[PDB]
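J.: Here's a structure for you.
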Amino acid sequence: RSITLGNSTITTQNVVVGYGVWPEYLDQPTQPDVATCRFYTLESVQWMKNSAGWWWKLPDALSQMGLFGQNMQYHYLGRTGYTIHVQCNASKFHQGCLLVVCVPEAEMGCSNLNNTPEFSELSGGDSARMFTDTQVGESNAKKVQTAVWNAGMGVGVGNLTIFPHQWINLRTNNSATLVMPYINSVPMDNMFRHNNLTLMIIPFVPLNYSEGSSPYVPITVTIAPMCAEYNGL
Amino acid sequence: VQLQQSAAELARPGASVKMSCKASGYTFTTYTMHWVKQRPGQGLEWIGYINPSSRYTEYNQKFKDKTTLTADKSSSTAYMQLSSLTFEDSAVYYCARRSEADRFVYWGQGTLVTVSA
Amino acid sequence: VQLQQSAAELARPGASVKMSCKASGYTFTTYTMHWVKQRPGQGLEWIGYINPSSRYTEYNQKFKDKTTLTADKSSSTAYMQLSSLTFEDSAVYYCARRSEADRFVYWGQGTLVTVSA
Amino acid sequence: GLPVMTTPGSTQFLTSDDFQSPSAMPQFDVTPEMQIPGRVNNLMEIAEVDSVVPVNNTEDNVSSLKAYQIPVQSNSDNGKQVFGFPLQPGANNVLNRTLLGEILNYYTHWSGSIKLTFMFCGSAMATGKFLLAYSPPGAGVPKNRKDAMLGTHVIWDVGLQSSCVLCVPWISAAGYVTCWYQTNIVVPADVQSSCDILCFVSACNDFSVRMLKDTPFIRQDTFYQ
Amino acid sequence: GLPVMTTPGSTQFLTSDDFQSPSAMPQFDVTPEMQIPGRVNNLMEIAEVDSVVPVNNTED
Amino acid sequence: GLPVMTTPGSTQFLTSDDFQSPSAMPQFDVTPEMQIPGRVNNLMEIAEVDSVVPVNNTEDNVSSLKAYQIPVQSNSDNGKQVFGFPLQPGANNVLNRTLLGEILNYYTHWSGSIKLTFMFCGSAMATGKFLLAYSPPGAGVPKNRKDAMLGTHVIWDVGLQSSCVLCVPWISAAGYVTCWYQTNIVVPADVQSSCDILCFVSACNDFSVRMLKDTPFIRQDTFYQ
Amino acid sequence: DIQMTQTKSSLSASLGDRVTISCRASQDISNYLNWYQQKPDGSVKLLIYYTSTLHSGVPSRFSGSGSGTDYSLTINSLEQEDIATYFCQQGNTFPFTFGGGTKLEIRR
Amino acid sequence: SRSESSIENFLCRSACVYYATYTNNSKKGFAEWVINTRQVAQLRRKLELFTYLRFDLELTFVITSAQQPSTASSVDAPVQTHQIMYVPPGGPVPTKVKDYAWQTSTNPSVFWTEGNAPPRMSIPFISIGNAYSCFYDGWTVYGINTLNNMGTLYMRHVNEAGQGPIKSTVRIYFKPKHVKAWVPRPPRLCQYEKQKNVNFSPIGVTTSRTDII
Amino acid sequence: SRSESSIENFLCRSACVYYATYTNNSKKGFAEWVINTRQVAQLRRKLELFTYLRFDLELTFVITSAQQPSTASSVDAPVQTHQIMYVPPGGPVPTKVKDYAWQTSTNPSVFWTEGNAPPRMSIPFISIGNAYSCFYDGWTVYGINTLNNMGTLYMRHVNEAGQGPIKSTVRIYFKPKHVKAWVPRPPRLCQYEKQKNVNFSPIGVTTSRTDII
């Protein structure tokens, strides 16, 4: 409890780790260690009754996150691992169930069958793009098809449990933790033209409450980079 | 492996016509079914389609206020209703099955709708 | 992969004509560009060439005192200026691209220059 | 030279042979390998992970996330069925599109067992009981709570634990996995009484698959271009 | 390459030969055997059991 | 005889095979070898020798020996650029026709570093200073002497040594090798003030070349005869 | 939209010769073109589902070509059964637009 | 029954992936196919269970012919020889049948006459990376990744023919070898629409029924 | 990635170096090619990086045919057999198709019928010196050096044909083997003009630009 990293300190109280492997280190590249490893906390989203989902593309959320995000423009290459803490704080009078998946190389699908979605629809900086419970019509030129039962990938949304995941059940559980290694085909990549991870949160059983309780539940995502190293001079 | 439509009809201007396009030979709730209108003077004109697995329809802007494409899973048919007929609404209507995102592989035989008094 | 010349012109005897031969499809400053004159009564006659990478020109002795072959690297063209026209200077002018030291592989379409009053 | 003799089946192309072949690009010196996390050696370890089952198809929930949620409400009748689904394979049953059920469609004969995990996604103040009966092949679907009790069953108390596992063989009547109200749902004040139940499926032991074929779920008329 | 020489009787199909042959379905992993009672190794042990003789044919 | 069986790909001519072949002239007894000086075992040792770079192309010096000479004159401004050239490969840059840059054009992907040696070919009585900045990929070309100072740079005093080396990676913005006046050129009387600077290039470490192809620098329409 | 212009709308030739029907777009449609054939009794079917590849079951007397805006069809040996009406349809933008018809007829 | 579900027993199967015809005298007939597995729907669904693959390649070409109708007067032709040129990624590419890009020394080709065994050839793992990436969330145009580009194949006759037109059709068979697979992935549910991208139209989760009981 | 730049990985590639046709009944049709690498510009630039080379030689011939238009009446011909005669340097040379210089016992030849594998043959390092000299500053006529002369190849039909003219075309593929190279040399900048000598026309040093800054 009450772990710290640099000048940031969170407190916790089981951890599912990657594919059984731990994040480890690799011209001659050197590493940043003091300037980077701290808990970057994205702002909280509100889980209402008519919610559908959220997703964050992972090396895009920390693009404007300060002294890690200023390292993005000075460096052309690099490899990174992550550790994600997701916690929603409801009472013992609310009910629901979330699924917290982390998808490597999650290509999204456009709404028009001939184009490909524009950059402002794939990911916003530290803002959650949110799923929809309808179809996006084909008259939209460059928009991501956000049918939540296909998860934007053309697949069955129940079979998303093959990735590393954790079920947040409000009856029994309170938070989630995910340790994700560096998964890529090349050892160092372009970091402006590649989002090699995607964190989704999908409410399978929707929120319900009685009249008098709070009409929302906030979900707080905390990302901590591990094994951050770059190719440079 | 083929589609079947209804027969040709007749109606007064101001009334409503409803066609059908019964599909057989495949899983009906996989592929989207379309509707194309052939006026005898010009080429074909697109109307719209219906995703049968979700009943989501999307019409061309030239025919938005009139047509209503429905479908039913039991008899594996698909309909189209034309409201507020005018003298320009006398044409031949086909139903297609769009596959591979642009290619209309299977077509119907077409029903002739005429407006008269 | 082809060459383009200017259009046919007209001038008084005593004045000056300047043609062009715009090349496209390759590195212009590698191969030397030539100029051949076809009087309608006889065969072809050689005029000269210009090495574009150094602007070094070398004329046949029959046309030395008149023609001036220039070139420019920007628009990738090549010119020829005919001074002191006479009645014998009415012919068709081609531009070639000598390659493999004797073989004129690519030719132009030819411009007709006439002298009159 | 050396005397040889060509047998029948010599200059033929059997599409499933294992012969040597001359390399098109020798002297190329390909890129050496790399430790990438998550290597797969067999298809059965993709089958042995959980996946949510759409038990609530019901003709209008299939284009929604409501296909997975089994509804629970505090009724007034004494004993009533919650759900029930057979285990007849192929004939559009609910275990078909899952993560295990689409790997078994690449094979002609298979045999093994099934882990069926349930999860009560309701309030933390609620209390109830359920039956989880499994009818073996030969016995009919039980038409009452009482004769469903006399078979193989697990009494699932919700207030004690929130997950109950029922292992069951599956092979290529064939079975039923019905579930019954034992008691009602008792809830305090200012707590909602309409809760949900999810259902996961997996493979418990190793299966036995033979005679690989092609799946019926994907087809094609024209080339994708 | 290696010098070979084809003898007569090379590309022929003699119906009573014993040559190798490529398998149509490899990687199939056939069903292993089983103890079934009553295996036969030779045709003479079918002959060495008794059988009733029709000595009284007599056309009807 | 011996029973053999011909696999597919038998009577074909793949142009990149390594098979035996019968000799046309046996019993010839060829001439034995000889120690000749200067044997080559690899193409990279041709790359690792120096070569003069034409940094002063300038549209009229290419047909001259003036393409190699970088002019230096004692100006009046406080800080001014002498030269500058990018490291973007292929797109008609200055390192293309050199002794290293025409061996790397026979290969599709390559990576390594570059030795850039300069030489002040001026008078022995002259004194000056220069900057030698290297902008890494991502940072722009520096528009001033001051922000070119804050990057990686070498202050080159001419009167102390007449050669300064600046090692730099090169791979297939991409970089700039700009150079700046630090001080003016101080010269005695009866000595000319217009001097020159040459520039050599080499490969420092061993490169890594893969996927050999053909060069674009030589082409043909008709056979040479 | 994109207005596909089949400018002729009436061809005429004999049997055995080479006929070309042309479809001209309004902008670049990037090789997404389809060629359909409507028989006079009403039955419509797909012939060519790109610029140049045939549908399965359609004989090899048909061929297509084109790039950018201008596109073309070719029937090298005209037969009796090929007397029908022809359309072109792009599959690039929304909504789908069809070209005008083109009726064939025997010349003399 | 234990080894039937392994990776090599799943993916090392031969499959027809392309089929094209070409005539000799037309000055438009010569074949062309870029090597990718995204054309046929039954091979694409097996390779898209995994994110990163790494395999050798092995191709076999079944070439036949036909006698297109000539004019008259005693067509008798000798055997035909075909050329199958492989262009490595980043090589010259022909624009006509008669071209200097056929004769280049770094594009390996096979020659084969009619009446023999079909011409197999094998290509190793050719990529700068360490695995072919079936799914690439990023830009190079969205989701393309030119790093897994395996090359291009071109085919033509080499015999000049005078009396009779001959068209020939070639079917290419495709077989992975020594397969390694990483990072499994759920199987596709919707139908495939295009080749390059992963676009779709939304579909139901499963086949429906009337009641939950 | 370390061995791709070696000498054997650089030069041991196959390359088409000659292409000619010949008819049978013409009494002018028979092929002829002197073995040298100075005809094609892409092979010549690789061998001219070094002054002295020493390699084995290996040739392969792709011969096809065609049926030239005859008069009438049921052309049916048997298979054709070709002869490929190699003349060592300092040997007799044919002047017609029917000649006594074909039948000489010291000119090794290969025979080959249509419909088989193409006829490879291999020639060792044949020279009186110790290396082939790509550049020779001197006289024997300037810069010729008859000491590196590898021989000549001649090709003809052996079948006498009566009813139909047949023309045949042969492409020769050229492959060095076990290459040794001495005394490296800068690569050529100007274009090649002639075959025998090293003559040129002067060209700029590089592609130009607008400013030095």
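In the structure tokens, chains take letters A, B, ... by order of appearance, with residues numbered from 1 within each chain and ligands from 1 in the order shown.
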Quick one: everything within 12 Å of residue 16 of chain B, counting only C-alpha atoms, minus sequence neighbours fewer than 6 positions away in the same chain. Send it as a list in words.
T.: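 Counting only the stated atoms, we get residues 9, 10, 66, 67, 68, 80, 81, 82, 83, 84, 85, 86, 89, 113, 114 and 115 of chain B.
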J.: What are the DSSP strand (DSSP E) residues of segment 16-47 of chain C, as a list in words?
T.: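 Assigned to strand (DSSP E), within segment 16-47 of chain C: residues 17, 18, 19, 20, 21, 22, 23, 33, 34, 35, 36, 37, 38, 44, 45, 46 and 47 of chain C.
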J.: Produce the least-squares-superposed copy of chain F, fitted on chain D over all in-order C-alpha pairs, as an mmCIF file with C-alpha atoms, in the first residue's frame.
T.:
```cif
data_model
loop_
_atom_site.group_PDB
_atom_site.id
_atom_site.type_symbol
_atom_site.label_atom_id
_atom_site.label_comp_id
_atom_site.auth_asym_id
_atom_site.auth_seq_id
_atom_site.Cartn_x
_atom_site.Cartn_y
_atom_site.Cartn_z
ATOM 1 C CA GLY F 1 25.674 -44.194 -66.058
ATOM 2 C CA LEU F 2 23.955 -45.440 -62.943
ATOM 3 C CA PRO F 3 20.835 -47.405 -63.982
ATOM 4 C CA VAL F 4 17.600 -46.011 -62.542
ATOM 5 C CA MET F 5 13.937 -46.876 -63.102
ATOM 6 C CA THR F 6 10.961 -44.549 -62.740
ATOM 7 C CA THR F 7 7.993 -45.860 -60.763
ATOM 8 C CA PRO F 8 4.406 -44.695 -61.363
ATOM 9 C CA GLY F 9 3.485 -41.459 -59.679
ATOM 10 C CA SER F 10 6.666 -39.748 -60.859
ATOM 11 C CA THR F 11 5.973 -36.452 -62.647
ATOM 12 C CA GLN F 12 2.842 -35.634 -60.658
ATOM 13 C CA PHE F 13 1.897 -32.838 -58.279
ATOM 14 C CA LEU F 14 0.135 -34.246 -55.247
ATOM 15 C CA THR F 15 -0.806 -31.114 -53.327
ATOM 16 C CA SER F 16 -0.051 -32.608 -49.894
ATOM 17 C CA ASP F 17 3.501 -33.865 -50.375
ATOM 18 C CA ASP F 18 6.639 -33.026 -48.391
ATOM 19 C CA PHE F 19 9.504 -32.790 -50.869
ATOM 20 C CA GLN F 20 12.570 -30.599 -51.073
ATOM 21 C CA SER F 21 12.556 -27.505 -53.224
ATOM 22 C CA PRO F 22 15.271 -25.205 -54.591
ATOM 23 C CA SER F 23 15.420 -21.801 -52.947
ATOM 24 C CA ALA F 24 14.590 -18.827 -55.147
ATOM 25 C CA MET F 25 16.820 -16.367 -53.277
ATOM 26 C CA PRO F 26 19.899 -18.010 -51.795
ATOM 27 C CA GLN F 27 22.783 -15.876 -50.423
ATOM 28 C CA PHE F 28 20.216 -13.521 -48.863
ATOM 29 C CA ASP F 29 21.049 -14.027 -45.131
ATOM 30 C CA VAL F 30 17.602 -13.581 -43.578
ATOM 31 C CA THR F 31 16.882 -11.655 -40.392
ATOM 32 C CA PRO F 32 17.497 -13.666 -37.200
ATOM 33 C CA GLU F 33 14.724 -14.325 -34.725
ATOM 34 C CA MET F 34 13.598 -12.446 -31.641
ATOM 35 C CA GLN F 35 11.907 -13.078 -28.291
ATOM 36 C CA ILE F 36 8.324 -11.890 -28.801
ATOM 37 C CA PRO F 37 5.872 -12.530 -25.933
ATOM 38 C CA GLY F 38 2.948 -14.864 -26.389
ATOM 39 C CA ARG F 39 3.979 -17.753 -28.613
ATOM 40 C CA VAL F 40 1.431 -20.405 -29.577
ATOM 41 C CA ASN F 41 2.369 -24.055 -30.030
ATOM 42 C CA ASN F 42 -1.078 -25.681 -30.275
ATOM 43 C CA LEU F 43 -4.654 -24.649 -30.979
ATOM 44 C CA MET F 44 -6.029 -26.163 -27.772
ATOM 45 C CA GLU F 45 -4.505 -23.503 -25.539
ATOM 46 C CA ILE F 46 -6.591 -20.926 -27.387
ATOM 47 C CA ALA F 47 -9.615 -23.066 -26.518
ATOM 48 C CA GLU F 48 -8.761 -23.342 -22.817
ATOM 49 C CA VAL F 49 -9.460 -19.671 -22.023
ATOM 50 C CA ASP F 50 -12.846 -18.316 -20.978
ATOM 51 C CA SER F 51 -15.406 -16.604 -23.214
ATOM 52 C CA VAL F 52 -18.823 -15.100 -22.585
ATOM 53 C CA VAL F 53 -21.775 -17.106 -23.932
ATOM 54 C CA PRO F 54 -24.797 -15.420 -25.593
ATOM 55 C CA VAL F 55 -27.509 -17.320 -23.724
ATOM 56 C CA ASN F 56 -30.163 -14.649 -24.304
ATOM 57 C CA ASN F 57 -30.438 -14.585 -28.117
ATOM 58 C CA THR F 58 -34.217 -13.996 -28.194
ATOM 59 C CA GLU F 59 -34.417 -12.595 -31.776
ATOM 60 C CA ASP F 60 -33.794 -8.932 -30.895
ATOM 61 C CA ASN F 61 -30.798 -9.005 -28.533
ATOM 62 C CA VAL F 62 -28.309 -10.374 -31.064
ATOM 63 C CA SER F 63 -27.393 -6.881 -32.270
ATOM 64 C CA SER F 64 -26.718 -5.699 -28.709
ATOM 65 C CA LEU F 65 -24.790 -6.430 -25.537
ATOM 66 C CA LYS F 66 -28.064 -7.731 -24.082
ATOM 67 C CA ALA F 67 -27.466 -11.119 -25.707
ATOM 68 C CA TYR F 68 -25.075 -12.071 -22.923
ATOM 69 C CA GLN F 69 -27.133 -10.991 -19.894
ATOM 70 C CA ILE F 70 -29.483 -13.522 -18.292
ATOM 71 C CA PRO F 71 -32.213 -11.495 -16.542
ATOM 72 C CA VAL F 72 -33.195 -12.169 -12.936
ATOM 73 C CA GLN F 73 -36.217 -10.639 -11.218
ATOM 74 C CA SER F 74 -37.886 -11.467 -7.912
ATOM 75 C CA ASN F 75 -41.032 -13.223 -9.106
ATOM 76 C CA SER F 76 -44.060 -14.450 -7.148
ATOM 77 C CA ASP F 77 -44.256 -18.103 -8.249
ATOM 78 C CA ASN F 78 -42.868 -20.990 -6.201
ATOM 79 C CA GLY F 79 -40.198 -22.429 -8.465
ATOM 80 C CA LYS F 80 -39.698 -21.213 -12.026
ATOM 81 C CA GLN F 81 -37.126 -21.631 -14.769
ATOM 82 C CA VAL F 82 -34.483 -18.987 -15.415
ATOM 83 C CA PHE F 83 -32.841 -20.308 -18.581
ATOM 84 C CA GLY F 84 -32.044 -23.563 -20.322
ATOM 85 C CA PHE F 85 -30.111 -24.494 -23.428
ATOM 86 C CA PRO F 86 -29.315 -27.859 -25.034
ATOM 87 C CA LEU F 87 -25.911 -29.250 -25.930
ATOM 88 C CA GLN F 88 -26.783 -30.454 -29.427
ATOM 89 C CA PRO F 89 -23.785 -29.379 -31.538
ATOM 90 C CA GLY F 90 -24.015 -27.489 -34.812
ATOM 91 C CA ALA F 91 -27.809 -26.988 -34.879
ATOM 92 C CA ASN F 92 -27.532 -23.219 -34.153
ATOM 93 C CA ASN F 93 -26.949 -23.631 -30.418
ATOM 94 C CA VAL F 94 -25.476 -20.930 -28.194
ATOM 95 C CA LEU F 95 -21.980 -22.417 -27.852
ATOM 96 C CA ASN F 96 -21.287 -22.016 -31.556
ATOM 97 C CA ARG F 97 -19.753 -18.568 -31.990
ATOM 98 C CA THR F 98 -17.617 -18.679 -28.848
ATOM 99 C CA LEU F 99 -13.853 -18.910 -28.611
ATOM 100 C CA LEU F 100 -13.944 -22.672 -28.182
ATOM 101 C CA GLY F 101 -16.924 -23.305 -30.456
ATOM 102 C CA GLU F 102 -15.219 -21.788 -33.503
ATOM 103 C CA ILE F 103 -12.071 -23.877 -33.125
ATOM 104 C CA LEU F 104 -14.068 -27.104 -32.896
ATOM 105 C CA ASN F 105 -15.728 -26.189 -36.199
ATOM 106 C CA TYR F 106 -12.398 -26.686 -37.959
ATOM 107 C CA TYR F 107 -12.504 -30.380 -37.003
ATOM 108 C CA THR F 108 -14.832 -33.222 -37.916
ATOM 109 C CA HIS F 109 -14.884 -35.260 -34.684
ATOM 110 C CA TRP F 110 -14.137 -34.106 -31.148
ATOM 111 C CA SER F 111 -14.805 -35.175 -27.568
ATOM 112 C CA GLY F 112 -14.189 -33.809 -24.096
ATOM 113 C CA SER F 113 -15.732 -31.817 -21.272
ATOM 114 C CA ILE F 114 -16.939 -28.271 -20.657
ATOM 115 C CA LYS F 115 -16.410 -25.830 -17.809
ATOM 116 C CA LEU F 116 -19.527 -23.695 -17.355
ATOM 117 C CA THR F 117 -18.856 -20.802 -14.971
ATOM 118 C CA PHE F 118 -21.642 -18.423 -13.965
ATOM 119 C CA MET F 119 -21.320 -15.009 -12.367
ATOM 120 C CA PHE F 120 -24.008 -13.112 -10.476
ATOM 121 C CA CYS F 121 -23.677 -9.470 -11.514
ATOM 122 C CA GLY F 122 -26.136 -8.053 -9.027
ATOM 123 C CA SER F 123 -26.069 -6.030 -5.833
ATOM 124 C CA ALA F 124 -23.900 -6.906 -2.859
ATOM 125 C CA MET F 125 -26.881 -6.788 -0.480
ATOM 126 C CA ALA F 126 -28.980 -9.414 -2.289
ATOM 127 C CA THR F 127 -29.490 -13.044 -1.278
ATOM 128 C CA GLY F 128 -30.934 -15.966 -3.190
ATOM 129 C CA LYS F 129 -30.598 -19.576 -4.237
ATOM 130 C CA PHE F 130 -30.526 -21.299 -7.616
ATOM 131 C CA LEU F 131 -30.450 -24.813 -8.993
ATOM 132 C CA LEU F 132 -28.051 -25.867 -11.741
ATOM 133 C CA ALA F 133 -29.201 -29.152 -13.202
ATOM 134 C CA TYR F 134 -27.582 -31.238 -15.927
ATOM 135 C CA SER F 135 -29.735 -33.764 -17.722
ATOM 136 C CA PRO F 136 -27.655 -36.578 -19.240
ATOM 137 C CA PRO F 137 -28.458 -37.788 -22.779
ATOM 138 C CA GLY F 138 -31.498 -40.030 -22.582
ATOM 139 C CA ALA F 139 -33.323 -38.220 -19.806
ATOM 140 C CA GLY F 140 -35.729 -35.517 -20.865
ATOM 141 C CA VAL F 141 -35.792 -31.876 -19.902
ATOM 142 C CA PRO F 142 -37.175 -31.681 -16.344
ATOM 143 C CA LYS F 143 -40.571 -30.011 -16.268
ATOM 144 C CA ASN F 144 -40.455 -29.089 -12.580
ATOM 145 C CA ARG F 145 -38.093 -28.049 -9.817
ATOM 146 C CA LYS F 146 -38.665 -31.296 -7.931
ATOM 147 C CA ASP F 147 -37.623 -33.783 -10.586
ATOM 148 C CA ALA F 148 -34.760 -31.494 -11.569
ATOM 149 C CA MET F 149 -33.612 -31.866 -7.966
ATOM 150 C CA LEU F 150 -33.380 -35.654 -8.156
ATOM 151 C CA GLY F 151 -30.786 -35.537 -10.956
ATOM 152 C CA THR F 152 -27.292 -34.103 -10.831
ATOM 153 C CA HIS F 153 -27.517 -30.569 -9.504
ATOM 154 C CA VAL F 154 -25.642 -27.889 -7.579
ATOM 155 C CA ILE F 155 -27.447 -25.588 -5.156
ATOM 156 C CA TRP F 156 -25.959 -22.147 -5.762
ATOM 157 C CA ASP F 157 -26.219 -19.747 -2.831
ATOM 158 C CA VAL F 158 -25.568 -16.266 -4.174
ATOM 159 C CA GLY F 159 -24.860 -14.532 -0.861
ATOM 160 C CA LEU F 160 -21.976 -16.875 -0.022
ATOM 161 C CA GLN F 161 -20.114 -17.006 -3.338
ATOM 162 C CA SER F 162 -20.586 -15.249 -6.665
ATOM 163 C CA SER F 163 -19.437 -18.016 -9.036
ATOM 164 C CA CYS F 164 -20.474 -21.651 -9.384
ATOM 165 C CA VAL F 165 -18.848 -24.089 -11.802
ATOM 166 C CA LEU F 166 -20.668 -27.047 -13.383
ATOM 167 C CA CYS F 167 -18.463 -29.425 -15.372
ATOM 168 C CA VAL F 168 -20.157 -31.320 -18.188
ATOM 169 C CA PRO F 169 -19.116 -33.658 -21.037
ATOM 170 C CA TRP F 170 -19.645 -32.604 -24.647
ATOM 171 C CA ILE F 171 -19.294 -34.917 -27.640
ATOM 172 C CA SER F 172 -20.081 -34.865 -31.356
ATOM 173 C CA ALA F 173 -31.300 -36.222 -26.885
ATOM 174 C CA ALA F 174 -27.884 -34.812 -26.027
ATOM 175 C CA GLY F 175 -28.311 -32.831 -22.789
ATOM 176 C CA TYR F 176 -29.710 -29.746 -21.099
ATOM 177 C CA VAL F 177 -28.170 -27.245 -18.682
ATOM 178 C CA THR F 178 -31.392 -25.806 -17.189
ATOM 179 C CA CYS F 179 -31.450 -23.573 -14.091
ATOM 180 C CA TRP F 180 -34.253 -23.044 -11.589
ATOM 181 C CA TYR F 181 -35.401 -20.608 -8.922
ATOM 182 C CA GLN F 182 -34.972 -22.297 -5.556
ATOM 183 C CA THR F 183 -35.899 -19.348 -3.339
ATOM 184 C CA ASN F 184 -36.776 -15.798 -4.244
ATOM 185 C CA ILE F 185 -34.392 -12.847 -4.251
ATOM 186 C CA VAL F 186 -34.393 -11.083 -0.886
ATOM 187 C CA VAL F 187 -33.289 -7.453 -1.057
ATOM 188 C CA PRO F 188 -33.141 -4.513 1.346
ATOM 189 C CA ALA F 189 -34.799 -1.153 0.856
ATOM 190 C CA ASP F 190 -33.432 1.367 -1.681
ATOM 191 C CA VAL F 191 -31.717 -1.466 -3.607
ATOM 192 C CA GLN F 192 -32.915 -2.538 -7.051
ATOM 193 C CA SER F 193 -34.179 -6.084 -7.515
ATOM 194 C CA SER F 194 -33.512 -6.609 -11.233
ATOM 195 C CA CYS F 195 -30.088 -8.276 -11.472
ATOM 196 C CA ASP F 196 -28.169 -10.109 -14.212
ATOM 197 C CA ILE F 197 -26.158 -13.328 -14.636
ATOM 198 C CA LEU F 198 -23.258 -13.953 -17.030
ATOM 199 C CA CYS F 199 -21.927 -17.297 -18.251
ATOM 200 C CA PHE F 200 -18.423 -18.286 -19.351
ATOM 201 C CA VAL F 201 -17.323 -21.441 -21.166
ATOM 202 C CA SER F 202 -13.973 -23.205 -21.480
ATOM 203 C CA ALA F 203 -12.416 -26.636 -21.983
ATOM 204 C CA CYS F 204 -11.556 -28.409 -18.748
ATOM 205 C CA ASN F 205 -9.307 -31.254 -19.850
ATOM 206 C CA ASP F 206 -7.525 -31.616 -23.177
ATOM 207 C CA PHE F 207 -9.859 -32.329 -26.083
ATOM 208 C CA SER F 208 -9.286 -34.816 -28.894
ATOM 209 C CA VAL F 209 -9.746 -33.389 -32.385
ATOM 210 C CA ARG F 210 -9.365 -35.333 -35.625
ATOM 211 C CA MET F 211 -9.900 -34.834 -39.382
ATOM 212 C CA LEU F 212 -9.416 -31.111 -39.971
ATOM 213 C CA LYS F 213 -11.778 -29.495 -42.479
ATOM 214 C CA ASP F 214 -12.974 -25.999 -43.339
ATOM 215 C CA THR F 215 -15.432 -23.851 -41.433
ATOM 216 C CA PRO F 216 -18.906 -22.961 -42.756
ATOM 217 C CA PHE F 217 -18.857 -19.484 -41.210
ATOM 218 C CA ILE F 218 -16.868 -17.709 -43.943
ATOM 219 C CA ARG F 219 -17.468 -17.802 -47.680
ATOM 220 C CA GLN F 220 -16.689 -15.903 -50.845
ATOM 221 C CA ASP F 221 -17.936 -15.241 -54.371
ATOM 222 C CA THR F 222 -15.477 -12.721 -55.847
ATOM 223 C CA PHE F 223 -11.842 -11.992 -55.041
ATOM 224 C CA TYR F 224 -11.184 -9.210 -52.572
ATOM 225 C CA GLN F 225 -9.318 -6.472 -54.420
#
```
J.: What's around residue 34 of chain H at 8 Å? Count only C-alpha atoms, leave out sequence neighbours fewer than 6 positions away in its own chain, and write the answer as a list in words.
T.: residues 150, 151, 152 and 153 of chain H
J.: Within 8 Å of segment 220-223 of chain A, counting only C-alpha atoms, which residues qualify if same-chain residues fewer than 4 places away don't, as number ranges by chain?
T.: A: 39-45, 82-88
J.: Could you give me, as an MDAnalysis selection string, the residues within 7 Å of residue 80 of chain H, counting only C-alpha atoms and dropping anything in the same chain fewer than 5 positions from it?
T.: chainID H and resid 113:114 159
J.: Pull N, CA, C and O atoms from the residues just selected and write them as a PDB file, in the first residue's frame.
T.:
```
ATOM      1  N   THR H 113       9.212 -25.862 -69.916  1.00  0.00           N
ATOM      2  CA  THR H 113       8.517 -26.246 -71.135  1.00  0.00           C
ATOM      3  C   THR H 113       7.331 -27.142 -70.816  1.00  0.00           C
ATOM      4  O   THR H 113       7.296 -27.802 -69.779  1.00  0.00           O
ATOM      5  N   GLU H 114       6.369 -27.180 -71.730  1.00  0.00           N
ATOM      6  CA  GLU H 114       5.157 -27.954 -71.512  1.00  0.00           C
ATOM      7  C   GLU H 114       5.433 -29.449 -71.578  1.00  0.00           C
ATOM      8  O   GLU H 114       6.153 -29.935 -72.452  1.00  0.00           O
ATOM      9  N   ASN H 159       8.279 -17.969 -76.411  1.00  0.00           N
ATOM     10  CA  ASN H 159       8.214 -18.401 -77.798  1.00  0.00           C
ATOM     11  C   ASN H 159       7.466 -17.366 -78.618  1.00  0.00           C
ATOM     12  O   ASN H 159       6.341 -16.992 -78.272  1.00  0.00           O
TER      13      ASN H 159
END
```
J.: Name all residues at most 10 Å from residue 82 of chain H (count only C-alpha atoms; drop same-chain ones fewer than 2 positions away) and give them as a ChimeraX atom specification.
T.: /H:63,80,84-85,110-114,155-159,168
